[PDB]
Amino acid sequence: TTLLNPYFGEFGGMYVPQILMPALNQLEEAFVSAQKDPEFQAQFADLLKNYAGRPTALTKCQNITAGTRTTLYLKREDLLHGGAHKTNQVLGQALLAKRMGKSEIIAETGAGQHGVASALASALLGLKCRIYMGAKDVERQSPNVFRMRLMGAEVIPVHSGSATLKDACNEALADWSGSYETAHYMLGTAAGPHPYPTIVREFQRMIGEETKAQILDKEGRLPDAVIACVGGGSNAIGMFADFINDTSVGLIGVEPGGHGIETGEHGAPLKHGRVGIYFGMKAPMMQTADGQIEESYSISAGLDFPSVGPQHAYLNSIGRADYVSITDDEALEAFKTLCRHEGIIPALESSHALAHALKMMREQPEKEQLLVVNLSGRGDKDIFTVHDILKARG
Amino acid sequence: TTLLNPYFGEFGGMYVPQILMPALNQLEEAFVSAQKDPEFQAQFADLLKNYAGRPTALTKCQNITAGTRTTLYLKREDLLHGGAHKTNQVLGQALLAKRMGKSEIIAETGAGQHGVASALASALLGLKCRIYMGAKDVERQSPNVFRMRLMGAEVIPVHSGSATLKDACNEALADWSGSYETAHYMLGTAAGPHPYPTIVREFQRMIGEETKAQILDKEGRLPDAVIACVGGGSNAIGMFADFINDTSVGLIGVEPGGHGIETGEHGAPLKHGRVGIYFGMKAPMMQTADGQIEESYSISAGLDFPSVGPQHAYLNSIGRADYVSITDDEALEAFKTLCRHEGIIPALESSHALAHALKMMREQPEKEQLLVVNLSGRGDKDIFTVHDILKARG
Amino acid sequence: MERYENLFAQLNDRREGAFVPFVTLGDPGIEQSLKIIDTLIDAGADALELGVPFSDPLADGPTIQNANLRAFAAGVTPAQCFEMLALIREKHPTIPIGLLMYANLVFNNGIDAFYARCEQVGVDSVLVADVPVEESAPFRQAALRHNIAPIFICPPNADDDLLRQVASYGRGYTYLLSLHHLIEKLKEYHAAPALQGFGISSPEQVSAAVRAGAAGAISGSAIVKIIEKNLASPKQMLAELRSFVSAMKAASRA
Amino acid sequence: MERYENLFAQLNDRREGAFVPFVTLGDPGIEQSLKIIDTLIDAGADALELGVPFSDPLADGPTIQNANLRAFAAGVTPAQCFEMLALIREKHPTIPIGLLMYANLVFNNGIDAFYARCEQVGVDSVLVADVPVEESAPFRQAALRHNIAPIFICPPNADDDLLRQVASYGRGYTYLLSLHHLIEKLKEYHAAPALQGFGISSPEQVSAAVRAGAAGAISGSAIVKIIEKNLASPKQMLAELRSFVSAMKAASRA
Ligand SMILES: O=P(O)(O)OC[C@@H](O)[C@@H](O)c1c[nH]c2ccccc12
Ligand SMILES: O=P(O)(O)OC[C@@H](O)[C@@H](O)c1c[nH]c2ccccc12
Ligand SMILES: *Cc1c(COP(=O)(O)O)cnc(C)c1O
Ligand SMILES: *Cc1c(COP(=O)(O)O)cnc(C)c1O
């Protein structure tokens, strides 16, 4: 029994060990309570505006579309505090933890971006944050490890199992199974068991709400399509939610195609994987023929995830949203294009969304179209990655 | 003959070779024309808002002042596009270059921050940007060099003379003396010859205008003091300008005290140097007893400058603003304090301003005071610097 | 289901509790895992609880996580595990065999087809670790169609509604996570006999579980540590396992 | 001022233009700089233009920038330069000596005190490179009080108002940056005699300057390059300088 439906069509659910069900039910009830509480809503709006810098701009990019009939705007989540959209929902989940009377946050991180987001919200709201991290990720993500510890989080290096992200997760959930009365598990994307896909969407849906008001102000009509990259699915569901019932507006989600779908080295399960059950949910995933979860790949660590949130799988199934993939080299070209023509350095994750809008424009340069790309984050963090690739190719 | 007074009391002037006077007069007349042009004003406001993300938040920091009678807000220039206040005025100067019919921008940079700012505005506005840089700075500021070239700027390594910043400057001005009909010299601070101190103030004064409206909205009164770091003086004059005639509001400028004023290794000429003439202006500077310009020092490269804008020297002289210094170690403590207690990683330049507000609070914890610090930039760029120091001390 | 009913009837006639070890199939190699399992049985195991290595086993503790990694290093797959299960049943006709599974390996080629393969090789129960009672309908239905007991965990944070569901839906045994109140309510609701599990690593905890009213106890990390500590001496590994299992089993006897 | 008036009167009686080299005092060391200067004079320099090394000489071209760096490597200071200037005047009573200065070294201990020290050692003119006519009042006033000519640059982008100011305020010579129209207007306004400077590196440019109506020409980078190319052979440096200066000076003669 839940208050809200845990499934989106066939996808979603609560596939956790029985001992974590009370924590999930507690969270769902806290969230439903919060959503009807004008004070909770006012507190969240206050942090979003005066701490994180919302609303974010909606920037028209005329230089990049010159000579075509495409008008392109970028939703500037790269200007949010922390440099990515991740900040919005970790503030919301930190407030929910406090509403449940909790003073501790539990998180796990591979790449280190969700860890930094969780540590900054916890620093602001007086929460003790412990972040589990595979010892191999600790070793390779020194900058992010140092940001988390500067912000007071305890970064716990996991050596158990294979000392990677899945092992940080297991430890984080084991901890959470014993400490959920005083600790909240801050999941970083729109996936995992209910009620996380729902909560993360509702705490990112201001991206699309703002985009709607801003595009109506500037153009007097809705977009022909809104386009966003898709790792687990939080920035894309954030942009798409408020347009779901505007049936003229296309919803295009872009998964990473890595070295090319045909190579097997990609992060595109929604279109190229198969339904399975893992991480608490029934969803498309990259798997071996006997059901082992396969390794994902992307040039962008933020999109390197072998599954996708269940609402995306549902929207695809019914034909309301369309999902495509963009390779490493197409993402790198969009990254260079934006730097040179608009003076904006985009995250490589976001560069996948931008690469697909550029293909829509260049393939059909005389089609009149109004497109919005969610620029989910800034790419100062990607300059060495881009530099060493381009140096290597000479 | 000029339209505006080039001096602030004794300080300022136009101490350039005669061949650059027509370029300065041309610029001043373009600026005076622009300031009366509603269309220029609308274009600048449009880029500030929809491209750079203005207005910036004004964040109250309750965790840091807990247990004291200080209320502290931070003006969030760290959330501006590019991560520092420098973006505001380079957009304004790029528009002035275009008003004068110019399609090229000339700049010089040591640390690389003004170079990145100039390259991003030039990319956005269709300007060819060439940035002179001492070969020694090129070597040490790889990340910033790569951002500039990604944004299409030509980074010209200077080997002449001592291959440092003063040599990049000489080359940049020599170029400008031959090409000012088609090129504009984008000076990056509120210093140099008139009309630069004036133009940079007027194109940064939205920081203080916004701060006034925001503090009146949130507290219903003006600040007891506004506090900002001072290298050349652009972010501090930007914050102070709109409060100059509000005589109850303190104006506190913070120069870098480096290893300690008594060591000689600092960047605090306004209070510890002596008036001289250099870089086109009469102003306080760090000099040897026989008039050679001395080398400045700060842990923060952005504040490592041996002189200060003339309006600051003037405001100090008349007692309207007060100037102090903050050492490397005090700046590092403020940097750690902000990360841990508010989840905001501040630039080390801005950490000097924050360190002085923390001293005002801690020295007199029962004085009731409302303070605003200009958080001029974000400190992701400083994490290795901070990390290697703290690692070295163990 | 029949094998569990037969074993709990026989143990109750003897006023004895059951002792049930857990091991990961294939750890540390197929051959050595078959010899470990025959030693566990020869030493007095009443039933077995057997894990099929999975890539993302979020409920396994660190000892077990390392058992999965050894099995994967030996190249063990689910298909190889089913081959092992058939041979184990071919050698031991009455011991109840239960699997500990993760939902994707059951769902992977069809939930019904997974319980059909279990029936074909002689498995008696399946516990899917990441399926709570709220999501168990298709798993428990397929299990009952193939005469396989669906096993449910009864956690320490169980409420009355959970107890009633676990009693009603489960068969074979109820997995009681380490308990008098839970035990008494389970019997009141006619639940499958309880086996206490989690942290059981000494004789006195087996006897305490039976004294509390449980039908027996499960021990996995204690058994897996003996494997992990003796990888370089397989003979010594089997002798230590025999010693540990016969002491644990002796604690269950009247 | 008297020395320049005397020299331009004498050269005009001979229908000759002046040839004026520029060098940085102290490059590449004090002793070698004194020998270079005596060679320039012995070879036919009519007047000298001498730079005092400054740390941030934003108007110096790269050849000159490197001359400053050599002088700083030899530890040359303004005080040492004034000592050199006194000895140069003590050896050569009539040659006009003009300095090329940056404003901070003039302002540093008092603008009046700088022009008093110039008068004391025998300097005849000072050109402050970063002081435009708009800012020159205190410099030109102090210069005239100490019988020193204030020199102004007349650039290629000069307008009529600039020409009139340069004519009115300057003394000694007008520094004409490389020109018939500018030259004719300067004479119309009774400006100090013009010396063309910038890029003068061959005999034909000296004669062209005099044919255009200028009173002479200044050459600095061409002279400084000879120093820079012969650092390892000071004897050869002086012989090459003598050859270059006597060819340039011969071009100025009627
Ligand atoms: O290892 P322990 O503490 O003795 O408890 C047995 C447990 O590991 C075994 O039954 C088991 C292995 N994996 C599981 C997953 C969920 C529930 C139980 C299990
Ligand atoms: O070097 P050139 O091209 O021959 O021009 C002499 C010039 O260098 C010398 O007169 C000079 C040295 N520094 C200056 C600064 C400003 C004006 C002139 C100068
Ligand atoms: C983390 C991240 C993403 C990917 O996660 P989603 O949950 O799919 O949004 C995308 N862009 C940026 C900039 C990120 O930091
Ligand atoms: C460049 C910079 C400064 C220093 O320059 P001012 O002109 O004095 O403002 C201060 N803070 C930041 C973050 C900077 O980038």
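Residue numbers begin at 1 in each chain, while the letters A, B, ... track the order of the sequences. In what follows, every heavy atom counts, from backbone to side chain, and hydrogens, waters and symmetry copies are set aside.
- Only the side chain of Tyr278(B) comes within less than 4.5 Å of a heavy atom of chain D; its backbone N, CA, C and O stay farther away.
- Contacts from residues 157-167 of chain D to chain B, taken as heavy-atom pairs separated by less than 4.5 Å, involve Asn157(D), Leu162(D) in sequence order.
- Residue contact with chain D, scored on non-hydrogen atoms closer than 4.5 Å, involves the side chain of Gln287(B) exclusively.
- Chain D forms the most heavy-atom pairs under 4.5 Å with one residue out of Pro17(B), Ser160(B), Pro6(B), and that residue is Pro17(B).
- In this structure, chain D has no heavy atom under 4.5 Å from any part of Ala172(B).
- In terms of heavy-atom pairs under 4.5 angstrom with chain D, the leader among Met285(B), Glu171(B), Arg274(B) is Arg274(B).
- Enclosure of atom CD in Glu228(D) by more than 12 non-hydrogen atoms of other residues, nucleotides or ligands within 6.0 angstrom is indicated.
- Residue with the most contacts toward chain B among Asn66(D), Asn68(D), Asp56(D), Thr77(D): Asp56(D) (heavy-atom pairs, distance under 4.5 Å).
- Contact annotation for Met21(B): only side-chain heavy atoms (C-beta onward) come within less than 4.5 Å of a heavy atom of chain D.
- Among all heavy-atom pairs drawn from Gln65(D) and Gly161(B), the shortest one is OE1-N, 3.4 Å.
- In the displayed structure, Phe244(D) atom CZ is contacted under 6.0 Å by more than 12 heavy atoms of other residues, nucleotides or ligands.
- Within 6.0 Å of the CZ atom in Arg99(B), the count of heavy atoms belonging to other residues, nucleotides or ligands exceeds 12.
- Per-residue counts of heavy-atom pairs under 4.5 Å with chain D were compared for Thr2(B), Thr288(B), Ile277(B); the largest is that of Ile277(B).
- Listed by sequence position, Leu177(D) are the residues of residues 174-202 of chain D in contact with chain B, using a 4.5 angstrom heavy-atom cutoff.
- Across all their heavy atoms, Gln292(B) and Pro53(D) have their closest contact at NE2-O, 3.2 Å.
- Heavy atoms only, all atoms of each residue included: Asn104(D) and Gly276(B) are closest at OD1-CA, 3.1 Å.
- Between the side chain of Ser55(D) and the main chain of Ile293(B), a donor-acceptor pair closer than 3.5 Å is present.
- Within residues 107-129 of chain D, the residues having any heavy atom closer than 4.5 Å to a heavy atom of chain B are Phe107(D), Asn108(D), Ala129(D), listed by residue number.
- Looking only at distances, a side-chain donor or acceptor of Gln18(B) sits under 3.5 Å from a matching main-chain atom of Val133(D).
- If you measure heavy-atom distances from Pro22(B) to chain D, the contacts under 4.5 Å come from the side chain alone.
- Listed here is the closest heavy atom pair of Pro132(D) and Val16(B): CD-O, 3.2 Å.
- By the 6.0 Å contact criterion, CD on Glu294(B) is enclosed, its count of non-hydrogen atoms from other residues, nucleotides or ligands being greater than 12.
- Within the structure, salt bridge (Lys or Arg N to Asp or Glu O under 4.0 Å) contacts touching residues 125-135 of chain D (residues at least two apart or in different chains) do not occur.
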